[PDB]
Number of protein chains: 2
Amino acid sequence: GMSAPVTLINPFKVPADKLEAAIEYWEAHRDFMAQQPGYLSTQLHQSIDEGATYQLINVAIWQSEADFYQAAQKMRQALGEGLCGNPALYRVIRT
Amino acid sequence: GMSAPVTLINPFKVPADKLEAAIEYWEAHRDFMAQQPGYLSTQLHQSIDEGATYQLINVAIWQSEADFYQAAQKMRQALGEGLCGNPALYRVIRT
Ligand SMILES: [Cl-]
Ligand SMILES: [Cl-]
C-alpha cells in the first residue's frame with residue numbers, strides 16, 4: 001500500500017494520585033518522538049473526571065506508519081510504576 | 001467553572017468480525033448527536049491492526065460539558081451484542 005498520515009491513540013491507566021508524574025513521563029517521551037522523522041503533532045488529553053478508566057489519552061499524528069514504527073523502535077533503544085499504555089495506530093473513517 | 005470546549009473520547013471493543021455492524025451502529029448514534037445543541041465535530045478512528053484492543057475510537061468535540069451531558073441524557077431516551085464503549089470527556093493539556 002501507499003503511505004498516508006496515521007494517528008497514534010494511546011490511552012493510559014494512571015495510578016491513583018500520580019497524574020503529574022505520568023504527565024512528566026509522557027513529556028520526556030514526547031520530547032524524544034518530536035525529534036523523529038515524520039512526527040507531525042500531538043494532543044495529550046486529560047480526563048475531566050479523575051475516575052475515568054483512562055485519565056490520559058494521547059492522540060498524535062505521524063506522516064506514515066513507517067515513520068511511526070521506525071521512531072518507536074528507536075525509543076526502545078533510547079528510553080527503554082504501574083502506568084500502563086496501549087498504543088495503536090488508526091485512520092479516520094467517518095466524520 | 002466556566003464552560004469551554006470538551007472532547008469526548010470513546011474507545012470501543014468490537015466483536016470479532018463485526019466491524020461494519022459496529023460502524024453502522026455508531027453512525028445511527030452520530031446522526032442523533034449531530035442534531036443536538038453544542039455538537040461541533042467528530043472523527044471516528046479505525047485501527048490499522050484488526051487485533052487492536054479498540055478497533056474503533058471516536059473523538060468528538062462539543063461546545064461544553066453541559067451540552068454534551070444534555071445530549072447524552074436525550075440519547076438514552078431516544079436510542080436506549082457485545083460491542084462495548086467507555087466514553088469520557090477530556091481537555092487537551094499538552095501538545
Ligand atoms: Cl504516547
Ligand atoms: Cl461515540
Side-chain angles (χ1 to χ4, degrees), chain A residues 1-14 19-20 22-31 33-34 39-62 64-66 68-69 72 84-95, chain B residues 1-14 19-20 22-31 33-34 39-62 64-66 68-69 72 84-95:
Chain A
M2 292 181 297
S3 292
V6 296
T7 301
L8 166 71
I9 304 175
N10 197 356
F12 293 98
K13 296 187 180 189
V14 178
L19 180 61
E20 184 66 24
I23 297 165
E24 291 175 16
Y25 172 93
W26 177 86
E27 290 169 316
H29 291 71
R30 179 262 264 113
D31 294 346
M33 289 306 249
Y39 179 88
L40 300 168
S41 65
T42 204
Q43 296 177 294
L44 181 64
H45 292 74
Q46 182 183 326
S47 65
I48 304 171
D49 179 350
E50 169 154 27
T53 303
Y54 298 118
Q55 284 191 71
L56 296 168
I57 303 184
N58 189 41
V59 185
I61 317 286
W62 287 80
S64 65
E65 285 180 56
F68 174 80
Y69 299 137
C84 188
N86 195 353
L89 293 185
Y90 294 83
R91 284 208 188 81
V92 176
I93 59 155
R94 301 290 186 282
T95 59
Chain B
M2 292 181 297
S3 292
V6 296
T7 301
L8 166 71
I9 304 175
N10 197 356
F12 293 98
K13 296 187 180 189
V14 178
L19 180 61
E20 184 66 24
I23 297 165
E24 291 175 16
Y25 172 93
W26 177 86
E27 290 169 316
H29 291 71
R30 179 262 264 113
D31 294 346
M33 289 306 249
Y39 179 88
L40 300 168
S41 65
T42 204
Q43 296 177 294
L44 181 64
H45 292 74
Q46 182 183 326
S47 65
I48 304 171
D49 179 350
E50 169 154 27
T53 303
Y54 298 118
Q55 284 191 71
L56 296 168
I57 303 184
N58 189 41
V59 185
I61 317 286
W62 287 80
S64 65
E65 285 180 56
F68 174 80
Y69 299 137
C84 188
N86 195 353
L89 293 185
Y90 294 83
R91 284 208 188 81
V92 176
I93 59 155
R94 301 290 186 282
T95 59

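The basis for the numbers below is simple: all heavy atoms, side chains too, and nothing from hydrogens, waters or symmetry mates. Reminder, nothing fancy here: chain letters follow the sequence lines and each chain counts from 1.
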**Report entry** Residue part contacting chain B, namely of A/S41, when any heavy atom lies under 4.5 Å
**Finding:** neither
Requested in this report: Could you look at A/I48 and say if it's the side chain, the backbone, both or neither that has a heavy atom under 4.5 Å from chain B?
Outcome: both
Query raised in the report: At what distance, to the nearest 0.5 angstrom, does CG of B/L19 lie from CD of B/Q55?
Result: 5.5 Å
Query raised in the report: Taking C-beta and beyond as the side chain, do A/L56 and A/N10 meet within less than 4.5 Å on heavy atoms?
Result: no
Report summary line: Among B/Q46, B/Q43, B/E27, the residue with the most heavy-atom pairs under 4.5 Å to chain A is B/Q46
Query - For A/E65, the option from A/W62, A/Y69, A/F68 that meets side chain to side chain contact (heavy atoms under 4.5 Å, CB included) - result: A/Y69
Report task. Counting only heavy atoms closer than 4.5 Å, note whether B/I9 contacts chain A via side chain, backbone, both or neither. Result -> side chain
Query raised in the report: Do any pairs count as a salt bridge (charged side-chain N to carboxylate O under 4.0 Å, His left out) and have a residue in residues 43-52 of chain B, sequence neighbours left out, and if so which ones?
Result: none
Query raised in the report: If you tally heavy-atom pairs under 4.5 Å against chain A, which of B/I57, B/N86, B/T53 wins?
Result: B/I57
Query - Choice from A/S47, A/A88, A/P11, A/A34 maximising heavy atom contacts with chain B below 4.5 Å - result: A/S47
**Report entry** Winner by heavy-atom pair count (cut-off under 4.5 Å) against chain B, out of A/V6, A/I23, A/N58
**Finding:** A/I23
Report task. With rounding to the nearest 0.5 Å, note down the distance linking NE2 in A/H45 to CZ in B/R91. Result -> 11.0 Å
